[PDB]
């Protein structure tokens, strides 16, 4: 099931960059194999620098489920969540995170050198016991290729 939802996040990244909503980032929030939210980066469409794919997905899932905690849900991110998005995942009480590409793949096409210490376990104050899986193999290769594939179809931000 991990491959299915990570693939959906990747295709959301492509869709969002193709419609000009924002950058090539997708996020899918699922509740026991039922997709609650399927979103991409909306920074350009919303004129909102916080409207990352993950934050957008959290907003939508919480509004749809009428609760501010997503402890029964998991989030699939096309790319490794940034510090803001990882903090949002923590505040959401999401119980699992699966992400496709490492943040370096986005940094390679010019994005901010902006990586969540708590995700990589390199913090003094911020810790995390969130279950975190970095995908490998097939879906991971596809997810990493997103940034080379889309790098001239959108504005950096």
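Numbering follows the first chain given and starts at 1. Heads up, when I say rigid core I mean the largest set of C-alphas that superpose within 1.5 Å between the two forms.
If you line up the core and then measure how far each C-alpha sits from this form in 8 other deposited structures of this protein, which stretch comes out higher, 145 to 153 or 21 to 29?
The stretch that sits farther from the shown form in 8 other deposited structures of this protein is 145 to 153.
Select between 28 to 36 and 85 to 93 the stretch whose C-alpha atoms have the higher average B-factor in the entry.
That would be 28 to 36.
What stretch has the higher average Cα B-factor here, 6 to 14 or 143 to 151?
According to the PDB entry, the answer is 143 to 151.
Based on the PDB record, which member of 121, 49, 100, 110 exhibits the highest Cα temperature factor?
Comparing C-alpha B-factors across 121, 49, 100, 110, the maximum falls on 110.
Lowest, middle or highest third of the chain for the C-alpha temperature factor of residue 80?
Within its chain, residue 80 is a lowest-third residue by C-alpha B-factor, going by the deposited values.
Using the temperature factors of the C-alpha atoms in this entry, rank residue 106 within its chain: lowest, middle or highest third.
Ranked within chain, residue 106 CA B lands in the highest tercile.
If you rank every modelled residue in this chain by C-alpha B factor, which third holds residue 66: lowest, middle or highest?
For residue 66, whose C-alpha B-factor we compare with every modelled residue in the chain, the answer is the middle third.
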